[PDB]
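First comes the structure, then the notes that go with it.
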Amino acid sequence: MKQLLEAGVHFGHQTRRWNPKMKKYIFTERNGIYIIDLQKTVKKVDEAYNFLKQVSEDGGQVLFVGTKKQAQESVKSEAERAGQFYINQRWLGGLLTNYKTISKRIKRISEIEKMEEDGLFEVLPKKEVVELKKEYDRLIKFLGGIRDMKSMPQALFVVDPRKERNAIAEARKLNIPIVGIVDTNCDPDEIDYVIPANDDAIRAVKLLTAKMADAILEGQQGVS
Amino acid sequence: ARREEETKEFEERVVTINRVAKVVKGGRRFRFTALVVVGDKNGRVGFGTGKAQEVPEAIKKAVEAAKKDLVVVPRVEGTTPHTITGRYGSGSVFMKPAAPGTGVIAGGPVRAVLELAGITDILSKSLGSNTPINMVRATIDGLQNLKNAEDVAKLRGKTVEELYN
Amino acid sequence: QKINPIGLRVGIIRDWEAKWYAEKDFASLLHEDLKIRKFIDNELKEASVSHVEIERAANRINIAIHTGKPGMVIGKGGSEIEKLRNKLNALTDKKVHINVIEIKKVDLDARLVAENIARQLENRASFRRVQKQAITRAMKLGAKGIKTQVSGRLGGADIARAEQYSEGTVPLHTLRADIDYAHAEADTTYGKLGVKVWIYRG
Amino acid sequence: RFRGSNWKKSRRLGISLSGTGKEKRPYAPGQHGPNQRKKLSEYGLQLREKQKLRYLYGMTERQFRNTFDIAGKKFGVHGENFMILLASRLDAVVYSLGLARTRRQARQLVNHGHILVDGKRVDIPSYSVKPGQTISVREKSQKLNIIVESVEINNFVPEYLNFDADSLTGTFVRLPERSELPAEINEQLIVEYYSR
RNA sequence: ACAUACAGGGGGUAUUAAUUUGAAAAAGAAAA
RNA sequence: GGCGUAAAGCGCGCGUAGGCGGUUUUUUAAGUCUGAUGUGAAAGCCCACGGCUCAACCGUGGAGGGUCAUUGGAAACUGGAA
């Protein structure tokens with residue numbers, strides 16, 4: 001669970017062009033923005049605390065997709081706290097449905113390291129080595145933070161989903177469920193696995209992504 | 001729309017192969033598009049269109065891109081439960097149910113969908129337009145928008161022996 | 001135009017097909033090398049020789065024959081090479097010695113599959129089937145890239161085209177790339193179909 | 001009357017049309033016989049099933065169409081009912097009792113006069129026997145070596161036909177249900193052909 | 001309040017021309 | 001089946017005839033539904049049975065056919081009256 005009184009600056013909107021499928025979740029209108037109702041926020045948090053726990057006991061991973069500034073460091077620091085994978089910087093266009101040709105680029109972060117022990121340092125000329133170093137820095141940069149993605153992940157977690165439109169577009173087209181902190185203009189109303197909360201600060205991302213980082217933790221310990 | 005699906009041994013069927021051009025400086029790069037349905041004859045038909053530089057790679061790509069688009073097709077002893085008119089792209093298809101022993105009376109693309117959907121007993125008429133990707137999309141837009149008996153009588157609260165079959 | 005890679009890579013990384021010296025006369029060596037290559041061209045109709053290499057040291061020639069079917073230049077146990085060597089001794093009036101080696105990975109060199117694809121197109125097969133099965137049976141041995149261009153009257157066509165099924169790296173401009181090339185003609189009933197096999201193997 | 005080969009019009013359609021020996025040359029007739037002959041259309045599949053049902057029983061197609069129109073009057077499934085009307089013909093029963101070795105010998109057997117139904121001399125191969133009739137063998141001409149040759153071979157007389165061989169007089173008992181008619185013809189492409 | 005693009009009419013910009021009759025780059029797979 | 005651009009919205013009003021018309025209550029019965037009787041000839045289509053050696057054909061019997069007429073009911077809707 002969580003608490004309404006834990007939410008200090010964990011409520012509000014960026015109101016200017018809200019979506020009116022988020023008319024049910026507002027509390028009132030205070031100071032320009034639509035502040036968001038916290039009786040149903042904590043209830044959808046504990047419903048997601050059941051849902052991330054109960055489905056993941058047979059080889060179950062989460063994908064922590066947070067690409068937004070002041071939402072990437074929460075996933076970056078809390079995914080390997082949880083022990084899972086994530087994508088903090090540059091979600092790819094095509095990483096879930098396009099896995100048959102990004103299996104080449106989930107392996108070529110390991111390929112380079114299958115050349116460092118058995119001959120890389122200037123046995124080739126100088127215009128291959130620093131270029132392959134730039135390929136390593138870009139494939140630890142633009143890939144995300146995933147390394148052991150063996151299959152398609154059976155769960156997924158998007159953080160700021162109004163900007164990550166192709167993150168929901170590959171999870172909807174592989175019938176894997178989404179968990180999103182739905183801000184204003186998020187089109188999920190049809191799926192009851194969202195979090196009606198606020199992503200505008202480090203703490204407002206952080207305290208509602210940390211519970212879904214530790215939510216699966218309680219899915220490991222007790223039934224495996 | 002969802003994941004790749006390989007339940008039964010499916011049966012491919014080529015609806016059309018067209019040679020489509022792209023004019024460049026020089027001659028023209030022309031490809032082969034190949035609208036191919038699949039379906040395993042107990043329900044579960046599904047179409048797909050793929051294009052390539054050569055013809056059997058185009059129908060192989062259309063089979064491997066057709067198996068993600070499998071609709072359910074609820075049916076009753078080889079017959080659709082009711083009459084419909086499936087619409088896409090001004091290319092509509094009338095699909096009337098039938099008795100056993102009357103054949104798939106359907107045209108060119110809609111027979112190639114319906115006779116390997118499991119449905120052997122139907123009366124179609126292709127209204128509108130005779131383009132094969134629109135008639136195939138309109139007969140699968142027919143077949144996915146289709147009511148079973150138990151699904152309607154669990155949708156509303158009046159179940160078995162409430163309405164009339 | 002596209003130059004051939006065997007022109008570009010003799011004396012770079014791949015050696016010549018003749019190793020001798022001649023300065024004074026010089027036309028009595030190369031033309032006898034041409035007639036001995038034309039005499040190995042008669043047993044190319046069954047034997048499938050890629051290339052012979054002339055090693056004229058001082059008097060006798062240790063000619064190095066490279067066939068992908070090595071058991072049908074030699075006969076049963078060594079008779080056919082000896083009657084062939086006596087026919088070469090008649091037809092160049094010099095001394096020769098047949099040096100045979102047995103080359104497997106037969107679908108990795110260009111001249112064996114170039115004569116094989118020209119043999120299949122002599123026998124009125126369709127060109128796309130033998131082209132795709134040649135490049136996939138050359139990749140299931142393991143190759144680094146196979147261009148295969150057949151050209152001309154394609155399958156008994158009225159207008160000549162150029163059917164090239166390139167696959168993988170055929171990098172003609174990186175000069176440390178040992179690219180095999182062969183063009184073999186196919187004498188079909190509807191004309192003369194030239195194949196062109198360009199295999200890069202690192 | 002067909003009157004032609006019935007071997008050459010049985011390698012084209014594919015099924016045997018005599019029962020076994022169609023065999024050593026199974027492709028296709030004609031100058032383009034073995035030359036890897038191509039796919040069939042929807043009309044080619046429906047026409048090959050229609051001539052697989054026509055050239056078996058041997059009729060011309062006006063009699064096949066007029067047997068198809070009086071098969072749609074009856075209460076059942078339509079392509080099955082057409083095959084229970086076609087093998088209730090006097091040609092197919094006088095073959096199917098084993099009174100002749102083949103169906104064209106049964107058409108020459110019934111048409112020249114050499115069977116009777118119920119003691120009446122029927123000289124037509126387009127009589128359709130009703131269930132319950134007896135088929136006689138015309139007592140003057142039942143000592144022919146055609147009939148006592150082909151009755152001496154047992155030919156698997158089916159369960160809708162009782163044959164009494166020493167009297168040479170069989171009854172047509174049942175209407176035949178759809179398992180014991182010729183099984184090498186899909187009936188669904190006949191009824192799909194006559195909506196085209 | 002600050003940026004870079006697109007929306008439409010208010011009213012902008014006329015260097016100084018002339019074009020050629022008729023056929024041949026057609027186009028295709030179901031399997032091994 | 002259409003009418004923005006494909007053929008197609010009168011250039012736009014004022015309006016006569018005509019077409020349609022908000023809610024409730026009572027009543028009637030022209031539309032409407034339901035029933036009976038008369039009638040829609042015979043031949044024909046269709047179904048079934050018999051006679052031609054089968055069929056075509058022929059015959060018998062039933063079904064079907066009207067915006068029909070007379071008449072007994074029902075009143076929710078359209079119409080008439082309050």
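For the structure tokens, the naming scheme is as follows: chains receive sequential letters (A, B, ...) according to their order of presentation, residues are indexed from 1 within each chain, and ligands are indexed from 1 in presentation order.
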
Long-range neighbours of residue B:148 as a PDB file with N, CA, C and O atoms, in the first residue's frame, 8 Å cut-off, only C-alpha atoms (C1' of nucleotides), 3 positions minimum in chain:
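This went into selection_29.pdb:
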```
ATOM      1  N   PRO B  74     -16.522 -16.625 -34.542  1.00  0.00           N
ATOM      2  CA  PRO B  74     -17.450 -17.553 -33.892  1.00  0.00           C
ATOM      3  C   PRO B  74     -18.472 -18.048 -34.890  1.00  0.00           C
ATOM      4  O   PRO B  74     -18.998 -17.280 -35.691  1.00  0.00           O
ATOM      5  N   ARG B  75     -18.741 -19.346 -34.847  1.00  0.00           N
ATOM      6  CA  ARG B  75     -19.571 -19.957 -35.866  1.00  0.00           C
ATOM      7  C   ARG B  75     -20.321 -21.134 -35.267  1.00  0.00           C
ATOM      8  O   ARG B  75     -19.997 -21.615 -34.179  1.00  0.00           O
ATOM      9  N   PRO B  81     -23.368 -17.128 -37.351  1.00  0.00           N
ATOM     10  CA  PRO B  81     -24.619 -17.077 -36.584  1.00  0.00           C
ATOM     11  C   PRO B  81     -25.686 -16.167 -37.149  1.00  0.00           C
ATOM     12  O   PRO B  81     -26.868 -16.486 -36.991  1.00  0.00           O
ATOM     13  N   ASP B 151     -21.986 -15.596 -26.077  1.00  0.00           N
ATOM     14  CA  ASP B 151     -21.315 -14.344 -25.755  1.00  0.00           C
ATOM     15  C   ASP B 151     -22.298 -13.193 -25.598  1.00  0.00           C
ATOM     16  O   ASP B 151     -22.111 -12.364 -24.702  1.00  0.00           O
ATOM     17  N   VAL B 152     -23.352 -13.147 -26.420  1.00  0.00           N
ATOM     18  CA  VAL B 152     -24.437 -12.189 -26.209  1.00  0.00           C
ATOM     19  C   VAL B 152     -25.240 -12.557 -24.972  1.00  0.00           C
ATOM     20  O   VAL B 152     -25.467 -11.714 -24.097  1.00  0.00           O
TER      21      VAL B 152
END
```

Exercise for the section: For chain B, list the residues within 9 Å of chain A, counting only C-alpha atoms, and write the list as a ChimeraX atom specification. Expected result: /B:1-4

Keeping only N, CA and C atoms, write the selected residues as a short mmCIF file (atom, residue, chain, number, x, y, z; two decimals), in the first residue's frame.
```cif
data_model
loop_
_atom_site.label_atom_id
_atom_site.label_comp_id
_atom_site.auth_asym_id
_atom_site.auth_seq_id
_atom_site.Cartn_x
_atom_site.Cartn_y
_atom_site.Cartn_z
N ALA B 1 -2.85 -7.94 -34.78
CA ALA B 1 -2.38 -6.75 -34.08
C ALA B 1 -1.47 -7.13 -32.92
N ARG B 2 -1.75 -8.28 -32.33
CA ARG B 2 -1.00 -8.82 -31.22
C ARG B 2 0.14 -9.71 -31.74
N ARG B 3 0.66 -10.57 -30.87
CA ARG B 3 1.85 -11.41 -31.08
C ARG B 3 1.60 -12.46 -32.19
N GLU B 4 2.71 -12.94 -32.78
CA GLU B 4 2.77 -14.12 -33.65
C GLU B 4 2.14 -15.35 -33.01
#
```

Practice task
If you run DSSP over the backbone, which residues in stretch 3-193 of chain D end up strand (DSSP E)? Put them as a list in words.
Solution key: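 These are the residues in question: residues 116, 117, 134, 135, 136, 161, 162, 170, 171 and 172 of chain D.
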
Practice task
Using only C-alpha atoms, find which residues of chain C lie within 12 Å of chain B and jot them down as a PyMOL selection string.
Solution key: chain C and resi 128-129+132+163+165

Exercise for the section: Please indicate the distance in Å from atom CA of residue A:149 to atom CA of residue B:5, rounded to one decimal place. Expected result: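 Taking atom CA of residue A:149 and atom CA of residue B:5, their separation equals 21.0 Å.
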